[PDB]
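*Asks:* Just need the structure, nothing else, for what follows:
(6 chains, ligands or ions: 91)
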Amino acid sequence: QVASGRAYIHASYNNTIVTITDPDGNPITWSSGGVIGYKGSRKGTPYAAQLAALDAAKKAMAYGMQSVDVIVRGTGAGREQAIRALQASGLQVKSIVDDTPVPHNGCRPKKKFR
Amino acid sequence: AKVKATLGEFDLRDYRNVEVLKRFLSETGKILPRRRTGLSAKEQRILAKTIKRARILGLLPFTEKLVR
Amino acid sequence: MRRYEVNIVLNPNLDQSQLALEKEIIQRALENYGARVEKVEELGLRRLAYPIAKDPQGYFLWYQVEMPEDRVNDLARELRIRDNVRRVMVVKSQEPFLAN
Amino acid sequence: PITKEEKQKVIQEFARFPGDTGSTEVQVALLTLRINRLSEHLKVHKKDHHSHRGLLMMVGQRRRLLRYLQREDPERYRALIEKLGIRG
Amino acid sequence: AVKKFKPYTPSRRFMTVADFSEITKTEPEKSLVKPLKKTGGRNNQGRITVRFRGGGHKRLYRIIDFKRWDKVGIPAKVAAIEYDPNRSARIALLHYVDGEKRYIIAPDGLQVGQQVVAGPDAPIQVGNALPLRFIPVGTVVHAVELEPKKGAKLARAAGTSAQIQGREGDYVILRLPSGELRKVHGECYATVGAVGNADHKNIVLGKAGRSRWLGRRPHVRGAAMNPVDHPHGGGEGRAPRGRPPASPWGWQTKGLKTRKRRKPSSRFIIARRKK
RNA sequence: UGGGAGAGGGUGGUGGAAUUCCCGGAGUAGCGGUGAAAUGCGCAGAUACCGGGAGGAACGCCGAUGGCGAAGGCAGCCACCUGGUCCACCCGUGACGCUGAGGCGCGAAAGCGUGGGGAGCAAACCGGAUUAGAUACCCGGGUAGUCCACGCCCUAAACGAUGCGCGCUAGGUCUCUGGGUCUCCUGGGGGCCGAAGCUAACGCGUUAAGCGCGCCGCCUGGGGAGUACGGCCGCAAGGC
Ligand SMILES: [Mg+2]
Ligand SMILES: [Mg+2]
Ligand SMILES: [Mg+2]
Ligand SMILES: [Mg+2]
Ligand SMILES: [Mg+2]
Ligand SMILES: [Mg+2]
Ligand SMILES: [Mg+2]
Ligand SMILES: [Mg+2]
Ligand SMILES: [Mg+2]
Ligand SMILES: [Mg+2]
Ligand SMILES: [Mg+2]
Ligand SMILES: [Mg+2]
Ligand SMILES: [Mg+2]
Ligand SMILES: [Mg+2]
Ligand SMILES: [Mg+2]
Ligand SMILES: [Mg+2]
Ligand SMILES: [Mg+2]
Ligand SMILES: [Mg+2]
Ligand SMILES: [Mg+2]
Ligand SMILES: [Mg+2]
Ligand SMILES: [Mg+2]
Ligand SMILES: [Mg+2]
Ligand SMILES: [Mg+2]
Ligand SMILES: [Mg+2]
Ligand SMILES: [Mg+2]
Ligand SMILES: [Mg+2]
Ligand SMILES: [Mg+2]
Ligand SMILES: [Mg+2]
Ligand SMILES: [Mg+2]
Ligand SMILES: [Mg+2]
Ligand SMILES: [Mg+2]
Ligand SMILES: [Mg+2]
Ligand SMILES: [Mg+2]
Ligand SMILES: [Mg+2]
Ligand SMILES: [Mg+2]
Ligand SMILES: [Mg+2]
Ligand SMILES: [Mg+2]
Ligand SMILES: [Mg+2]
Ligand SMILES: [Mg+2]
Ligand SMILES: [Mg+2]
Ligand SMILES: [Mg+2]
Ligand SMILES: [Mg+2]
Ligand SMILES: [Mg+2]
Ligand SMILES: [Mg+2]
Ligand SMILES: [Mg+2]
Ligand SMILES: [Mg+2]
Ligand SMILES: [Mg+2]
Ligand SMILES: [Mg+2]
Ligand SMILES: [Mg+2]
Ligand SMILES: [Mg+2]
Ligand SMILES: [Mg+2]
Ligand SMILES: [Mg+2]
Ligand SMILES: [Mg+2]
Ligand SMILES: [Mg+2]
Ligand SMILES: [Mg+2]
Ligand SMILES: [Mg+2]
Ligand SMILES: [Mg+2]
Ligand SMILES: [Mg+2]
Ligand SMILES: [Mg+2]
Ligand SMILES: [Mg+2]
Ligand SMILES: [Mg+2]
Ligand SMILES: [Mg+2]
Ligand SMILES: [Mg+2]
Ligand SMILES: [Mg+2]
Ligand SMILES: [Mg+2]
Ligand SMILES: [Mg+2]
Ligand SMILES: [Mg+2]
Ligand SMILES: [Mg+2]
Ligand SMILES: [Mg+2]
Ligand SMILES: [Mg+2]
Ligand SMILES: [Mg+2]
Ligand SMILES: [Mg+2]
Ligand SMILES: [Mg+2]
Ligand SMILES: [Mg+2]
Ligand SMILES: [Mg+2]
Ligand SMILES: [Mg+2]
Ligand SMILES: [Mg+2]
Ligand SMILES: [Mg+2]
Ligand SMILES: [Mg+2]
Ligand SMILES: [Mg+2]
Ligand SMILES: [Mg+2]
Ligand SMILES: [Mg+2]
Ligand SMILES: [Mg+2]
Ligand SMILES: [Mg+2]
Ligand SMILES: [Mg+2]
Ligand SMILES: [Mg+2]
Ligand SMILES: [Mg+2]
Ligand SMILES: [Mg+2]
Ligand SMILES: [Mg+2]
Ligand SMILES: [Mg+2]
Ligand SMILES: [Mg+2]
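*Replies:* Numbers count the residues shown, from 1 in each chain, chains lettered A, B, ... in the order given. Ligands and ions are numbered 1, 2, ... in the order given. What follows is the structure:
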């Protein structure tokens, strides 16, 4: 059981996934739009993400989670709402940092990304 | 809030002056535009070129995470 | 013969005896590659912006020198030949450019 | 590159008179110098074509002047391309 | 380079030969040659045990040095680079200051007149030999021992080379010319550089005769034989295989792996060859 | 002679971000993708997360309406080798100039030959959808190729759809880079609006499409057709 930990948000246009880890970085539990119960396009919605971060927080609290640090990746439309859900969840939110991977003109993207 | 103003006489070509240079980077690590640095056309290139040099030398970051 | 500014970064977690050993190879190397040292600034350790060889710290050296033009590259190669030598950046010496 | 001294050694060797610069002889000899330097550079760097243009321009330039000198002073021409080892 | 011919005969049209530019001595060091007992592919029973062999040009075997840790610390000059008919690579004549002369496989870049040496202290320069552990990770290397003091076994063919990928305990990690990732012992000696004569593979033999010179007798397809002779034998008119393609001895020859499974050296191979 | 600016070109090194694969830890019921789905991937442990390793390719912020080059074109960083060019001084040569039929070189992408390399991407091809059909557009895959070396090909909306040089014909403003005394003046580039004048109009206008001289290239109704025949070049595709 861990009091302080990490909160990772992978939120894309198609879905939002939330994983709660220990301060070492080992996941303790995770959730997503599918885990809450949605399918198809509904997974990408803000409301889906809200439920996701919660179920991610609820399970986390049950293992002794109190404090978290929120790490954000992805520019989805359900992003900020995930952040809202974690604060109003009963978790500490000691910090919130966006760490979306951006290349320095690395690999050529797919056709739809040019 | 132009950075060029808030400093005295300083060398643009000086890649080991980490304390001067660190002021020219954004909180996210990116090199700041002229509209923020107050440098002229010619000065910007000298600045940019030496900032990159320093990054290789470990004195300056290539990127830094965005805290809220 | 031209003026350059050799920068070198070494393993911070060495002892002083090991530290000196590397410097010995270095100082002879400069001599062998026609590099005649002028100024010199050994700033010791320093906090790095990012880890180098999985290491937050880096030991800095610096030499203003005058060596033949055609010999600078091979020197830089020979300088990097050590495992404790982690960065070698030779730079064409240039008069400062002043702002304000 | 070509060092300032070497340039002068050449400048002096082909000056018509002690103060002479930019005369036909001096002009050609200077050109001949850059040419034979470049000629070597391009022998190793077969892929550097942008510089080959310069080589051609120089070669073009040296050619035009030699034609001028030959027109004006045949003895002075045949002495210069001999003392430089040029015509071929 | 490789040397092309004009097509003044049907064969010279495609025939290409080595350029021999790197060769400086067309005579073998007499005290380093011994007669090569040609076999014809037959064992001590007189039985052919490797088919289609024989009738090649006569050869004198050069005595090559695949240990080199034999003479640690004693430098040597590269007196000549010679042709060796028993290998794909070229060989280098070493005149030791010791006064001893030995042959090594000639690395690419090795200059006649230069000096080389073996030992833990050796300068990491082309033609020097060191235990693997004292060679900088990332530098390419050839003539590698597989086990300590057992002799150079790896990367000996023309143009070949191994590369050090990292270290792990007493062992270091080489990427063999096949691409296989293997742990080789740190005390195993190796010579820095790649093998020379890398142009070797671009040679076009050019005619039936050239293979005969090389001691390679004609090879006969199973399909062109009879049912007694070969699994692919027989059939009225031309015929496809009619079964999974096989060797004359019956085993399958397309894909079927053959390395012994429970081999003790499996523990040391990390990644079997690519492609 | 002295000075400057720049992704001009070539060789060798080298730095970090990211994608992929692989190894370890930890973790569980989905992930992915779309208009919505499905194919696909996942309890044989995926996604998401942390650590390590491997490899290729492109260099984010700076970055610009910017710079450089004859054009094609050129962008992390370092060094070497190298071209063009501008300014100031007004020292040297004495018309040595301009253009240029042939010739010669260079010439994006795709394409070809030999040998490397191969992460991402992706013709062809396979599958899932859509559809009346969908040999497409969208989605899951995916081989050439994209990358390197050397050698070929020599095409284009290779465009400013504007050949090069030169003289003369208001200015206003933004910008880059030099030199003065630096208020500003004076050069050389990059745009915008505009005197005169041009133009069928649109628009051009000291970066002329204004007014003039020189030289080269080219046009002479649409299609047939950049086809045929011949010739020259090419390994071929094909080019002139
Ligand atoms: Mg979705
Ligand atoms: Mg400085
Ligand atoms: Mg090193
Ligand atoms: Mg010229
Ligand atoms: Mg002539
Ligand atoms: Mg050769
Ligand atoms: Mg031939
Ligand atoms: Mg012949
Ligand atoms: Mg021939
Ligand atoms: Mg014939
Ligand atoms: Mg024939
Ligand atoms: Mg051979
Ligand atoms: Mg042979
Ligand atoms: Mg030959
Ligand atoms: Mg040879
Ligand atoms: Mg003999
Ligand atoms: Mg004998
Ligand atoms: Mg005897
Ligand atoms: Mg024998
Ligand atoms: Mg024998
Ligand atoms: Mg016997
Ligand atoms: Mg018997
Ligand atoms: Mg017997
Ligand atoms: Mg056999
Ligand atoms: Mg036989
Ligand atoms: Mg041989
Ligand atoms: Mg072959
Ligand atoms: Mg072959
Ligand atoms: Mg033979
Ligand atoms: Mg055969
Ligand atoms: Mg046969
Ligand atoms: Mg038969
Ligand atoms: Mg029988
Ligand atoms: Mg039978
Ligand atoms: Mg049978
Ligand atoms: Mg059969
Ligand atoms: Mg048959
Ligand atoms: Mg029969
Ligand atoms: Mg049959
Ligand atoms: Mg038959
Ligand atoms: Mg029959
Ligand atoms: Mg039949
Ligand atoms: Mg048959
Ligand atoms: Mg037959
Ligand atoms: Mg059959
Ligand atoms: Mg069958
Ligand atoms: Mg073994
Ligand atoms: Mg000058
Ligand atoms: Mg795993
Ligand atoms: Mg990771
Ligand atoms: Mg930009
Ligand atoms: Mg004057
Ligand atoms: Mg006069
Ligand atoms: Mg012309
Ligand atoms: Mg022409
Ligand atoms: Mg081309
Ligand atoms: Mg291409
Ligand atoms: Mg091809
Ligand atoms: Mg190819
Ligand atoms: Mg083929
Ligand atoms: Mg290939
Ligand atoms: Mg691939
Ligand atoms: Mg389909
Ligand atoms: Mg269908
Ligand atoms: Mg149908
Ligand atoms: Mg697709
Ligand atoms: Mg794909
Ligand atoms: Mg194909
Ligand atoms: Mg092919
Ligand atoms: Mg093809
Ligand atoms: Mg174009
Ligand atoms: Mg355009
Ligand atoms: Mg233009
Ligand atoms: Mg046209
Ligand atoms: Mg038209
Ligand atoms: Mg023209
Ligand atoms: Mg000024
Ligand atoms: Mg202007
Ligand atoms: Mg206008
Ligand atoms: Mg008017
Ligand atoms: Mg008119
Ligand atoms: Mg009108
Ligand atoms: Mg104007
Ligand atoms: Mg202009
Ligand atoms: Mg008109
Ligand atoms: Mg008609
Ligand atoms: Mg017509
Ligand atoms: Mg045609
Ligand atoms: Mg055509
Ligand atoms: Mg024809
Ligand atoms: Mg044409």
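
*Asks:* Now do the SS call for the closest residue to residue B:34 other than its chain neighbours.
*Replies:* Leaving aside its sequence neighbours, residue B:34 sits nearest to residue B:44 (Cβ to Cβ, 6 or more residues apart in numbering or on different chains; 5.6 Å). Where you see a C-beta, it was placed from the backbone N, CA and C, and this is true even at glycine. Three-state assignment for residue B:44 (DSSP: H, G, I helix; E, B strand; the rest coil): helix.

*Asks:* Would you state the helices of chain C in chain order?
*Replies:* Taking DSSP state H as the criterion, chain C carries its helices at C:16-32, C:72-79.

*Asks:* For residue E:202, the count of nearby residues, please.
*Replies:* The tally of other residues near residue E:202 (other Cβ atoms under 10 Å in any protein chain shown) stands at 10.

*Asks:* now do residue A:25
*Replies:* Around residue A:25 sit 9 other residues, with neighbours defined as other Cβ under 10 Å.

*Asks:* Give me the phi and psi for it.
*Replies:* phi 110, psi 0 (degrees, to the nearest 10).

*Asks:* interface residues of chain B facing chain A?
*Replies:* Proximity of chain B to chain A, by Cβ under 8 Å from any Cβ of the partner chain, involves residues B:62, B:65, B:66, B:67, B:68.

*Asks:* Residue B:43 touches residue C:99, doesn't it?
*Replies:* Yes. Taking contacts as Cβ atoms under 8 Å, residue B:43 lies within contact range of residue C:99: 6.4 Å.

*Asks:* joint contacts of those two?
*Replies:* With contacts taken as Cβ atoms under 8 Å, 6 or more residues apart in numbering or on different chains, the residues that reach both residue B:43 and residue C:99 are residue B:12.

*Asks:* tell me which element residue A:8 falls in.
*Replies:* Using DSSP states H and E, residue A:8 sits within strand A:6-11.

*Asks:* Can you give the distance of stretch B:18-37 from its chain's centre?
*Replies:* Taking Cα atoms, centre = their mean, to the nearest Å, one finds stretch B:18-37 lying 4 Å from the centre of the chain it belongs to.

*Asks:* ok, it near RNA strand F or not?
*Replies:* Yes. Stretch B:18-37 reaches RNA strand F (Cβ under 7 Å from any atom of the strand) through B:26, B:29, B:30, B:31, B:32, B:33, B:34.

*Asks:* Can you convert those residues into TSV and add a column each for neighbour count, distance to ligand 29 and secondary structure?
*Replies:* As requested, the residues of stretch B:18-37 next to RNA strand F are exported to TSV (neighbours: other Cβ atoms under 10 Å in any protein chain shown; distance: Cβ to the ion, whole Å; DSSP: H, G, I helix; E, B strand; the rest coil):
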residue	neighbour count	distance to ligand 29	secondary structure
B:26	12	71	coil
B:29	15	66	coil
B:30	12	67	coil
B:31	17	66	strand
B:32	18	72	coil
B:33	10	72	coil
B:34	14	74	helix
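
*Asks:* Pipe those into JSON lines and attach distance to ligand 19 per row.
*Replies:* Formatted as JSON lines, the residues of stretch B:18-37 next to RNA strand F follow (distance: Cβ to the ion, whole Å):
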{"residue": "B:26", "distance to ligand 19": "73"}
{"residue": "B:29", "distance to ligand 19": "67"}
{"residue": "B:30", "distance to ligand 19": "69"}
{"residue": "B:31", "distance to ligand 19": "69"}
{"residue": "B:32", "distance to ligand 19": "74"}
{"residue": "B:33", "distance to ligand 19": "76"}
{"residue": "B:34", "distance to ligand 19": "77"}
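
*Asks:* And these, which two are furthest apart?
*Replies:* Of all pairs drawn from those, the one with the longest distance (Cβ to Cβ) is B:29 and B:34, at 17.9 Å.

*Asks:* So residue B:8 versus residue C:96, what's the distance?
*Replies:* Distance from residue B:8 to residue C:96, counting by Cβ to Cβ, to the nearest Å: 14 Å.

*Asks:* re the thing from before, filter the residues of chain B next to chain A down to the buried ones.
*Replies:* Buried residues within the residues of chain B next to chain A, defined by neighbour count using 16 or more other Cβ atoms under 10 Å in any protein chain shown: none.

*Asks:* And the residues you listed, which is closest to ligand 29?
*Replies:* Among these, residue B:62 lies closest to ligand 29 (Cβ to the ion), at 59.0 Å.

*Asks:* any idea which element the nearest residue to the closest one once chain neighbours are set aside lies in?
*Replies:* Closest residue to residue B:62 apart from its sequence neighbours, by Cβ to Cβ, 6+ apart: residue B:55 at 5.3 Å. For residue B:55, the host element (DSSP H and E) is helix B:41-56.

*Asks:* what about the following helix or strand past that helix, near RNA strand F?
*Replies:* Scanning the chain past helix B:41-56 towards its C-terminal end, the next helix or strand to appear is strand B:66-67 (assignment: DSSP H and E). No. Applying Cβ under 7 Å from any atom of the strand, one finds strand B:66-67 separated from RNA strand F by no less than 11.1 Å.

*Asks:* and residue C:5, what is it in contact with?
*Replies:* Taking Cβ under 8 Å, 6+ apart as the test, what residue C:5 contacts is C:62, C:63, C:64, C:65, C:90, C:91, C:92, C:93.

*Asks:* quick one: which of these is most hemmed in?
*Replies:* Neighbour counts for the contacts of residue C:5 were taken using other Cβ under 10 Å; the highest belongs to residue C:65, which has 22 neighbours.

*Asks:* can you list the residues of chain A near chain B?
*Replies:* Chain A has residues A:95, A:96, A:97, A:98, A:99, A:104 near chain B, with proximity defined as Cβ under 8 Å from any Cβ.

*Asks:* Which residue is the nearest non-sequential neighbour of the first one?
*Replies:* Once flanking residues are discounted, residue A:95 sits nearest to residue A:69: 4.7 Å by Cβ to Cβ, 6+ apart.

*Asks:* my read: that neighbour touches residue A:97, true?
*Replies:* Yes. With contacts counted by Cβ under 8 Å, residue A:69 reaches residue A:97, the gap being 7.5 Å.

*Asks:* Between the two, which is the more surrounded one?
*Replies:* In terms of neighbours (other Cβ under 10 Å), residue A:69 is the more surrounded of residue A:69 and residue A:97; the figures are 17 against 13.

*Asks:* Next up, phi/psi of the more buried one, please.
*Replies:* On the backbone of residue A:69 - angles per degrees, to the nearest 10 - the values are phi -120, psi 120.

*Asks:* Distance of it relative to residue A:5?
*Replies:* 7 Å.

*Asks:* Enumerate the residues of chain E near ligand 25.
*Replies:* When proximity is defined as Cβ under 5 Å from the ion, chain E approaches ligand 25 at E:41, E:48, E:53.

*Asks:* From those, list just the buried residues.
*Replies:* Using 16+ other Cβ under 10 Å, the buried members of the residues of chain E next to ligand 25 are residue E:53.

*Asks:* For the residues of chain E next to ligand 25, give me TSV that also has distance to ligand 39 and secondary structure.
*Replies:* Converted to TSV, those look like this (distance: Cβ to the ion, whole Å; DSSP: H, G, I helix; E, B strand; the rest coil):
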residue	distance to ligand 39	secondary structure
E:41	31	coil
E:48	29	strand
E:53	31	strand
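
*Asks:* mind listing the strands in the stretch 151-275 of chain E by residue range?
*Replies:* E:152-154, E:162-168, E:171-175, E:181-185, E:189-192, E:269-271 (DSSP state E, counting those that start in this stretch).

*Asks:* Partner strands of the last one and their direction?
*Replies:* Using DSSP bridges, the neighbouring strands of strand E:269-271 in the sheet come out as strand E:181-185 (antiparallel).

*Asks:* Can you name the residues in contact with the partner strand?
*Replies:* E:132, E:144-148, E:154, E:165, E:168, E:170-176, E:268-271.

*Asks:* most packed of the helices of chain C?
*Replies:* helix C:72-79 (a mean of 16; mean count of other Cβ atoms under 10 Å in any protein chain shown).

*Asks:* Give me the distance between that one and the centre of its chain.
*Replies:* What separates the centre of helix C:72-79 from the centre of its chain is 11 Å, taken as Cα atoms, centre = their mean.
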